[PDB]
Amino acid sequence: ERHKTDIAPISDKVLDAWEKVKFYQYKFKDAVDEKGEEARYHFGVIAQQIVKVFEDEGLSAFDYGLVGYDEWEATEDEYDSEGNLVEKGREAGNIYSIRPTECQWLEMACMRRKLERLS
């Protein structure tokens, strides 16, 4: 059934903000220090840029579940119950990710509209 509501065709300001996000190829700093430029290329969008094109059109990318934000506490380096080291933990950081399946949807809705030639 429908466990859904506020149901309707896709906002145009939204589709118009998405049309603003860019596609990139990039390598993960992770892999690259591991295998040098042996590291594979990945293709996709970039959260920080996304959160931005929606900001210009005056929207929030978080509201459409296109983007996530995550933040954390700085976890101890612990030697116990001696001067001995068991684990080396975390420096405080944060990270933006994306919710790819919601991004593909809006992308394909976007490219549906252009093909009707409304852009």
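For every residue, the number given is its place in the sequence shown, counted from 1.
- Mean CA B-factor, 77-85 versus 57-65: the higher value falls on 77-85.
- Ranked by Cα temperature factor within the chain, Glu107 sits in the lowest third according to the deposited record.
- In this PDB entry, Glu38 carries a Cα temperature factor that places it within the lowest third of its chain's modelled residues.
- The entry lists a Cα temperature factor for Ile50 that places it in the lowest third of the chain's modelled residues.
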